[PDB]
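In: Once you've seen the sequence and the experimental structure below, I've got questions.
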Amino acid sequence: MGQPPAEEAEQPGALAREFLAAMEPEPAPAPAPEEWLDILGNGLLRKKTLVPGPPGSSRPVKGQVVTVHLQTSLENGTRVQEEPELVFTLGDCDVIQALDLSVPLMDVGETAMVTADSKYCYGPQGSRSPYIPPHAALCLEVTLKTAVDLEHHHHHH
């Protein structure tokens, strides 16, 4: 005996033969989850560690001006902007909020590819080189190469 019988009836009218088949799941190279860790758990802003800190890294604090290298691709793959070094005030929205958060989520020395909705990038804002289309999903690769402490002014409560 093979399998336990769980099939009742014969033909309810239709049958549907092997007519249209284009759903064949064959093993594809590069197993990527596609949907990574969403920074806000909102679905639009996700950070993927290419490398997550080679040495005994440290995550810069908001306030420290950190050097990021970003080269940003469009959701189709078109890299619209490249900048080998951008030093900005973390947490002070000195950048795109996607990045401003991704850095604290990044350890020093790592390179994270973040896909963030243009709304966290340059949706109705537009990017320096290309005015990035609104709510277009930006995929930016940021190298946190350096972090330096330069924030000791003011306070908030």
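Out: Thanks, I have the structure now. Numbers count the residues shown, from 1 in each chain.
In: give the contact list for residue 96.
Out: Residue 96 sits next to 116, 120, 121, 122 when contact means CB atoms under 8 Å, 6 or more residues apart in numbering. From N, CA and C alone the C-beta is placed, and that goes for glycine too.
In: Out of these, the closest to residue 26 would be?
Out: Among those, residue 116 lies closest to residue 26 (CB to CB), at 31.4 Å.
In: Show me the contact partners of the strand or helix carrying that closest one.
Out: Residue 116 belongs to strand 111-117 when elements are defined using DSSP states H and E. Identification of contacts with strand 111-117 by CB under 8 Å, 6+ apart yields 36, 39, 44-52, 69, 75, 96, 98-99, 102, 105-106, 123, 135-144.
In: Can you flag the buried ones in those?
Out: Among these, the ones that count as buried by 16 or more other CB atoms under 10 Å are 36, 39, 44-48, 69, 96, 98-99, 102, 106, 123, 136-144.
In: among these, which are in helices?
Out: Here DSSP state H is the test, and these give 98, 99, 102 as lying in helices.
In: In CSV, list those along with distance to residue 91.
Out: Formatted as CSV, those follow (distance: CB to CB, whole Å):
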residue, distance to residue 91
98, 13
99, 11
102, 12
